[PDB]
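A.B. asks:
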Amino acid sequence: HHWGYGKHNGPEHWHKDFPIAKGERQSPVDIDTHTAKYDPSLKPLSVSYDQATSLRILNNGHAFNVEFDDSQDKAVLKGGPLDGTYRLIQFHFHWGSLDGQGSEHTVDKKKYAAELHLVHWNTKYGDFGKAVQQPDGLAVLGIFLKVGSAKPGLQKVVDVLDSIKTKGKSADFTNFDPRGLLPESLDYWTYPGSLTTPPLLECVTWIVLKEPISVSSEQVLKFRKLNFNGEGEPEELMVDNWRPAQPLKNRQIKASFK
Ligand code: NI
Ligand code: NI
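Counting from 3, one number per residue, gives the positions in the sequence shown under full-length UniProt numbering.
1. Mind reading off the beta-carbon distance from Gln92 to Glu69? Whole number of angstroms is fine, and I expect it under 8 Å.
2. Under 7 Å from any heavy atom of ligand 1, by CB: list those residues in chain order, please.
3. What are the boundary residues of the alpha helix (DSSP H) that includes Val160?
4. Assuming the contact rule is C-beta atoms closer than 8 Å, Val206 and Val142 should be a hit. Round their C-beta distance to whole Å, please.
5. Under the criterion of a Cβ to heavy atom distance below 8 Å, does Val31 qualify as lining ligand 2?
6. Just the residues with CB closer than 6 Å to a heavy atom of ligand 4, in chain order, which are they?
7. What's the C-alpha gap between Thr168 and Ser258?
8. Since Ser216 is in the beta strand (DSSP E), which residue starts that stretch and which ends it?
9. Quick one: complete beta strand (DSSP E) runs, 3+ long, within the region 3-87?
10. Where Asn243 and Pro200 are concerned, what is the direct C-alpha to C-alpha distance, given to the nearest angstrom?
11. Report the three-state DSSP secondary structure of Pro236 (helix, strand or coil).
12. Please classify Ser105 as buried or exposed, where buried requires at least 16 neighbouring CB atoms within 10 angstroms.
13. If you follow the beta strand (DSSP E) that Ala133 is in, where does it begin and where does it stop?
14. Could you give the residue range of the beta strand (DSSP E) that holds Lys148?
15. On the premise that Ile59 lies in contact with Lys153, defined as a C-beta separation below 8 Å, what is that separation, rounded to the nearest angstrom?
16. Given this structure, state the Cα-to-Cα distance separating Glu26 from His119, to the nearest angstrom.
17. Just the Cα atoms here: how many angstroms apart are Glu186 and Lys9?
18. If contacts are defined as beta-carbon pairs under 8 Å, then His94 and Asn67 qualify, I think. What distance do you get, rounded to the angstrom?
19. Whole angstroms are fine: how far does the CA of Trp5 sit from the CA of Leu197?
20. Suppose you measure from the CA of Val78 to the CA of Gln254; what does that come to, to the nearest Å?
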């Protein structure tokens with residue numbers, strides 16, 4: 003709770019507390035769409051969110067986390083590059099100060115206005131805390147946001163943010179359907195990587211959807227009204243909470259589509 007996104011505590015500093023920041027499988031990365039190899043071996047991706055059950059939303063001083071009840075076999079990601087089954091625990095976003103930046107992954111160096119991360123843990127390790135200690139512990143579905151038409155399924159999120167403005171505030175947040183945040187297509191890129199915030203663990207199979215979602219300007223402007231600070235400290239708007247692209251280091255990015 004000293005790391006952040008600023009000049010003196012941002013991404014270029016994180017390696018001091020977290021040496022893995024300079025590791026061999028760090029995220030995000032630029033997705034070079036011409037270099038990515040179509041992989042006919044990938045099985046169909048399966049997103050089964052019909053029983054997802056949200057519990058709460060928290061401003062953690064970095065982003066806001068929508069946390070789900072993951073105590074039962076509900077809200078599962080499987081197939082694609084995955085072996086076994088991964089359970090949804092939370093989602094969050096990364097976004098910019100301006101529409102021209104905000105995403106963590108880039109596509110041929112293109113930055114989107116924001117990116118959504120749906121975080122799932124491998125059920126073979128029994129819970130999230132043990133899964134993050136394993137190289138195949140997590141599967142994160144990444145979805146790019148562009149500014150245009152509103153996303154009606156985002157509006158419940160946008161409307162609770164005024165209740166969690168500052169670091170440490172949380173609220174009850176039930177019956178949120180994450181299916182309303184998906185694009186039409188499940189075409190994706192996949193590669194082995196890491197968490198994009200400290201502790202930067204190399205435990206993620208990344209699945210980045212090719213098709214962005216559209217959100218309105220007014221929706222992302224409400225993201226940018228959150229605060230990094232806690233109440234009673236100077237106001238610092240919660241913007242630019244994205245780590246830039248890291249070295250690919252001879253990993254391969256595979257495409258699900260030709
Ligand atoms: Ni700290
Ligand atoms: Ni993230």
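Every residue, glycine too, gets a C-beta built ideally from N, C-alpha and C.
C.D. replies: So, to answer that:
1. 5 Å
2. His3, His4, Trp5
3. 157-162
4. 5 Å
5. no
6. Of the ligands one can find in the structure shown, namely ligand 1 and ligand 2, none is ligand 4.
7. 40 Å
8. 215-217
9. 47-50, 56-61, 66-70, 78-81
10. 12 Å
11. coil
12. buried
13. That residue, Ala133, is in no beta strand (DSSP E); its alpha helix (DSSP H) goes 130-133.
14. 140-149
15. 17 Å between Cβ atoms; not a contact.
16. 21 Å
17. 38 Å
18. 5 Å
19. 15 Å
20. 25 Å
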